[PDB]
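Content type compact mmCIF, N, CA, C and O atoms and all ligand atoms, from the file run11.txt:
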```txt
# COMPACT_ATOMS: atom_id res chain seq x y z
N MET A 1 -14.89 -10.18 -1.40
CA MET A 1 -15.71 -10.37 -2.63
C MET A 1 -14.84 -10.36 -3.88
O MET A 1 -14.18 -9.36 -4.19
N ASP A 2 -14.84 -11.48 -4.60
CA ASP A 2 -14.05 -11.60 -5.82
C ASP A 2 -14.61 -10.70 -6.93
O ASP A 2 -13.92 -9.81 -7.42
N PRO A 3 -15.87 -10.93 -7.33
CA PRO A 3 -16.52 -10.14 -8.38
C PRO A 3 -16.86 -8.73 -7.92
O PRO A 3 -16.51 -8.33 -6.81
N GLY A 4 -17.55 -7.98 -8.78
CA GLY A 4 -17.93 -6.63 -8.43
C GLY A 4 -16.84 -5.62 -8.76
O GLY A 4 -15.86 -5.95 -9.43
N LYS A 5 -17.01 -4.40 -8.27
CA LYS A 5 -16.03 -3.34 -8.51
C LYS A 5 -14.70 -3.67 -7.85
O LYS A 5 -14.66 -4.09 -6.69
N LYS A 6 -13.61 -3.48 -8.58
CA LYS A 6 -12.28 -3.75 -8.06
C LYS A 6 -11.69 -2.51 -7.39
O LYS A 6 -12.10 -1.39 -7.67
N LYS A 7 -10.72 -2.73 -6.51
CA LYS A 7 -10.07 -1.64 -5.79
C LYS A 7 -8.56 -1.76 -5.87
O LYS A 7 -8.01 -2.86 -5.77
N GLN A 8 -7.88 -0.63 -6.04
CA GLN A 8 -6.43 -0.61 -6.13
C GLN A 8 -5.81 -0.26 -4.78
O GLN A 8 -6.44 0.37 -3.93
N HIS A 9 -4.56 -0.67 -4.58
CA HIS A 9 -3.85 -0.41 -3.33
C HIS A 9 -2.99 0.84 -3.45
O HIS A 9 -1.90 0.81 -4.04
N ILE A 10 -3.48 1.95 -2.90
CA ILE A 10 -2.75 3.21 -2.95
C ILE A 10 -2.27 3.62 -1.56
O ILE A 10 -2.93 3.35 -0.56
N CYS A 11 -1.12 4.28 -1.51
CA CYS A 11 -0.55 4.73 -0.24
C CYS A 11 -1.43 5.80 0.40
O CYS A 11 -1.32 6.98 0.07
N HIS A 12 -2.29 5.38 1.32
CA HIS A 12 -3.19 6.30 2.00
C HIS A 12 -2.40 7.37 2.75
O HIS A 12 -2.86 8.50 2.92
N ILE A 13 -1.20 7.01 3.20
CA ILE A 13 -0.35 7.93 3.94
C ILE A 13 0.02 9.14 3.08
O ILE A 13 0.48 8.99 1.95
N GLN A 14 -0.18 10.33 3.63
CA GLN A 14 0.13 11.56 2.91
C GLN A 14 1.63 11.66 2.62
O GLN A 14 2.43 11.92 3.52
N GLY A 15 2.00 11.45 1.37
CA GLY A 15 3.40 11.53 0.99
C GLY A 15 3.70 10.74 -0.27
O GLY A 15 4.28 11.26 -1.22
N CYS A 16 3.31 9.46 -0.28
CA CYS A 16 3.55 8.60 -1.43
C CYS A 16 2.47 8.79 -2.49
O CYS A 16 1.68 9.73 -2.42
N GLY A 17 2.44 7.89 -3.47
CA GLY A 17 1.46 7.98 -4.53
C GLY A 17 1.66 6.92 -5.59
O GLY A 17 1.49 7.18 -6.78
N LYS A 18 2.03 5.72 -5.15
CA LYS A 18 2.26 4.61 -6.07
C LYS A 18 1.02 3.72 -6.18
O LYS A 18 -0.04 4.06 -5.66
N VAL A 19 1.16 2.59 -6.87
CA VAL A 19 0.06 1.66 -7.05
C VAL A 19 0.47 0.24 -6.67
O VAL A 19 1.59 -0.19 -6.96
N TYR A 20 -0.44 -0.48 -6.02
CA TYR A 20 -0.16 -1.85 -5.60
C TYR A 20 -1.36 -2.75 -5.88
O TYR A 20 -2.50 -2.29 -5.96
N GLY A 21 -1.09 -4.05 -6.04
CA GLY A 21 -2.15 -4.99 -6.32
C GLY A 21 -2.32 -6.03 -5.22
O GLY A 21 -3.42 -6.54 -5.00
N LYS A 22 -1.23 -6.33 -4.52
CA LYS A 22 -1.26 -7.31 -3.44
C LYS A 22 -1.12 -6.64 -2.08
O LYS A 22 -0.30 -5.73 -1.91
N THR A 23 -1.92 -7.08 -1.12
CA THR A 23 -1.89 -6.52 0.23
C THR A 23 -0.61 -6.92 0.95
O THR A 23 -0.09 -6.17 1.78
N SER A 24 -0.10 -8.10 0.63
CA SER A 24 1.13 -8.60 1.26
C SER A 24 2.28 -7.62 1.03
O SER A 24 3.18 -7.51 1.87
N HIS A 25 2.24 -6.91 -0.09
CA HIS A 25 3.27 -5.94 -0.42
C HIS A 25 3.13 -4.69 0.44
O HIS A 25 4.11 -4.00 0.72
N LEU A 26 1.90 -4.40 0.85
CA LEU A 26 1.63 -3.23 1.68
C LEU A 26 2.47 -3.27 2.96
O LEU A 26 3.06 -2.27 3.35
N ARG A 27 2.50 -4.44 3.59
CA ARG A 27 3.26 -4.62 4.82
C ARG A 27 4.74 -4.30 4.61
O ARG A 27 5.33 -3.51 5.35
N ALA A 28 5.33 -4.91 3.59
CA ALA A 28 6.73 -4.69 3.29
C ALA A 28 6.99 -3.23 2.95
O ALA A 28 8.06 -2.69 3.24
N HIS A 29 6.00 -2.58 2.34
CA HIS A 29 6.11 -1.18 1.97
C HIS A 29 5.87 -0.28 3.17
O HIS A 29 6.46 0.80 3.28
N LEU A 30 4.99 -0.72 4.07
CA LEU A 30 4.67 0.06 5.26
C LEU A 30 5.88 0.21 6.17
O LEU A 30 6.10 1.27 6.76
N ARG A 31 6.66 -0.86 6.28
CA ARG A 31 7.85 -0.85 7.13
C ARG A 31 8.83 0.24 6.68
O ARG A 31 9.57 0.79 7.49
N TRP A 32 8.82 0.55 5.39
CA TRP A 32 9.70 1.57 4.84
C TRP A 32 9.22 2.97 5.24
O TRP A 32 10.03 3.87 5.45
N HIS A 33 7.91 3.14 5.33
CA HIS A 33 7.33 4.42 5.70
C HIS A 33 7.57 4.73 7.18
O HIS A 33 7.97 5.84 7.54
N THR A 34 7.34 3.73 8.03
CA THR A 34 7.53 3.89 9.46
C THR A 34 9.01 3.82 9.82
O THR A 34 9.51 4.62 10.61
N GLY A 35 9.71 2.84 9.25
CA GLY A 35 11.12 2.68 9.52
C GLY A 35 11.97 3.69 8.78
O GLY A 35 12.63 3.36 7.80
N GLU A 36 11.96 4.93 9.26
CA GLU A 36 12.74 6.00 8.64
C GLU A 36 13.59 6.73 9.68
O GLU A 36 14.78 6.97 9.46
N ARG A 37 12.98 7.07 10.80
CA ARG A 37 13.68 7.77 11.87
C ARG A 37 13.32 7.18 13.23
O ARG A 37 13.61 7.84 14.26
ZN ZN B 1 4.31 4.69 -0.06
```

Could I get this file's structure written as structure tokens?
Ligand SMILES: [Zn+2]
Amino acid sequence: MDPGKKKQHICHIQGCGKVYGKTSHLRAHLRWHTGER
């Protein structure tokens, strides 16, 4: 849904706390969270 209330992309994972607007960035960012050890 384009209109209506908007939603922000926040790191649901307990640890981070940044802000995102594009979902495509979530993937690139997710790899950093999982790809650690
Ligand atoms: Zn994060």

| said: Need to verify the contact set: residue A:22, 8 Å, only N, CA, C and O atoms, exclusion of same-chain residues closer than 5 positions in sequence. Can you return it as a list in words? | reply: residues 7, 8, 9, 27 and 28 of chain A

| said: If you run DSSP on the backbone here, which positions in chain A get alpha helix (DSSP H)? Please write them as a ChimeraX atom specification. | reply: /A:23-34

| request: Enumerate as a count of residues only the residues within 8 Å of ligand ZN 1 (chain B), counting all atoms listed in the file. | output: 15

| By how many Å are atom N of residue A:5 and atom CA of residue A:23 apart? | 17.5 Å

| query | Residues of chain A in strand (DSSP E) according to DSSP, as an NGL selection string? | reply | :A and (9-10 or 19-20)

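Of note, atom N of residue A:3 and atom N of residue A:24 are spaced 17.9 Å apart.
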
| Between atom N of residue A:21 and atom N of residue A:36, what is the distance, to one decimal in Å? | 22.0 Å
